[PDB]
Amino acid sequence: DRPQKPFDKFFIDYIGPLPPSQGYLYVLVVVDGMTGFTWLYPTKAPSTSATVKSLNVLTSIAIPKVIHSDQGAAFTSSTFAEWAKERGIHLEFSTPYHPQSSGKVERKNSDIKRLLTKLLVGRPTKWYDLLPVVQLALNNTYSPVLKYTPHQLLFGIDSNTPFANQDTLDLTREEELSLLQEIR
């Protein structure tokens, strides 16, 4: 069997609804299976059109051989199936209620959900502008299992923005009380 490579499988999923930021409410999350590289696109809905609008931007940089998602409406629609067929992208689905991806990916999506949550607390309406810094953080985050960050695995060079400061990602007692105050 041939070794794992970038663009072999993109794992897509939606995060949200989030508090509205610049009219946006969701984040489409694209994670390359091999490198663990993350692309985040804000959408106004978890719809096929918003998925197609977002992925059309990504698929102008690189086309994956396979897209992997859960059985969400936006990904199971015949419109999304036609879009992928046109691009020669094979669609792949996890069994309903049983979301399987990969260790690296499951772990990455966890860091994403947590990093977003950490920065949402305090500025829940300013996350639109933060998506570029969140993405750089995620992609310059050292992989204990692979020895390299997703930036290194994808480009084969060190990044000009190394995120050497391995932050908490866990909410402070102050952030906890402030987060439980927002939920009112």
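The numbering used is simple: start at 1 and walk along the sequence shown. By rigid core we mean the largest C-alpha set that fits within 1.5 Å across both forms.
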Practice item. After fitting on the rigid core, pick out whichever of 117-125 or 149-157 shows the bigger RMS C-alpha deviation in 7 other deposited structures of this protein. Key: 117-125
Practice item. Averaging the C-alpha B factors as listed in the entry, name the stretch that ends up higher: 140-148 or 66-74. Key: 140-148
**Study point:** Stretch with the higher entry mean CA B-factor, where the candidates are 8-16 and 165-173
**Key:** 165-173
Practice item. Compare the CA B factors listed in the entry for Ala50, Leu116, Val27, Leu58 and report the winner. Key: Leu116
Check your understanding: If you rank the chain by CA B-factor, which third does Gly156 end up in: lowest, middle or highest?
Key -> lowest
Point to revise | Chain third (lowest, middle, highest) by recorded CA B-factor, residue given as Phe93 | key: middle
Revision key, fill the gap. For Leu120, the third of its chain by CA B-factor is the highest
